[PDB]
């Protein structure tokens, strides 16, 4: 956390609408599939001691793709350039060393939860929705991921973490602004 970008996304003058939001969720399929790919790449390098949490996270991503399918999504469909650039970001981070990727995967999730909790109302039908998009053990797994990233963090160029963290926040700001 360095610094201001997060508060930006939050400050967004968004107008949450059921149908309008539902569409926004369905248009995230290409990105969730990319996340799944990225996650599989972690399991390919993941040491034994790290596997348990990563396999649980994959499980959640998979179920999420099922939920989007049953919710109208279509794997084969034009991807908004904003989401396409975000998808390339993941693949790009897929190139980085294992340790970097796991810290970034942790960051990504933490950021997803943060942005959602702020903009998505808790009250009515939104509660139901939110309690479908996030797996029950999302935050349980997240904690296990934090513990991993917290150790992996140790020795890795903090300036490299910044350039990428900043771009991830930017890609997030772009995908949320599509709700303006």
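Numbering follows the first chain given and starts at 1.
Enquirer: Comparing 12 to 20 with 165 to 173, which stretch shows the greater average C-alpha B-factor in the deposited entry?
Expert: Going by the record's values, the stretch with the higher mean is 12 to 20.
Enquirer: Per the PDB record, is the mean Cα temperature factor higher over 120 to 128 or over 48 to 56?
Expert: Going by the record's values, the stretch with the higher mean is 120 to 128.
Enquirer: Out of 33, 144, 64, 155, which one has a C-alpha B factor higher than all the others in the entry?
Expert: Within the set 33, 144, 64, 155, 155 shows the top C-alpha B-factor.
Enquirer: What third of the chain does residue 133 rank in for C-alpha temperature factor, lowest, middle or highest?
Expert: It falls in the top third of the chain.
Enquirer: Based on the entry's values, in what third of the chain does the Cα temperature factor of residue 77 lie: lowest, middle or highest?
Expert: As the PDB entry reports it, the C-alpha B-factor of residue 77 lands in the highest third of its chain.
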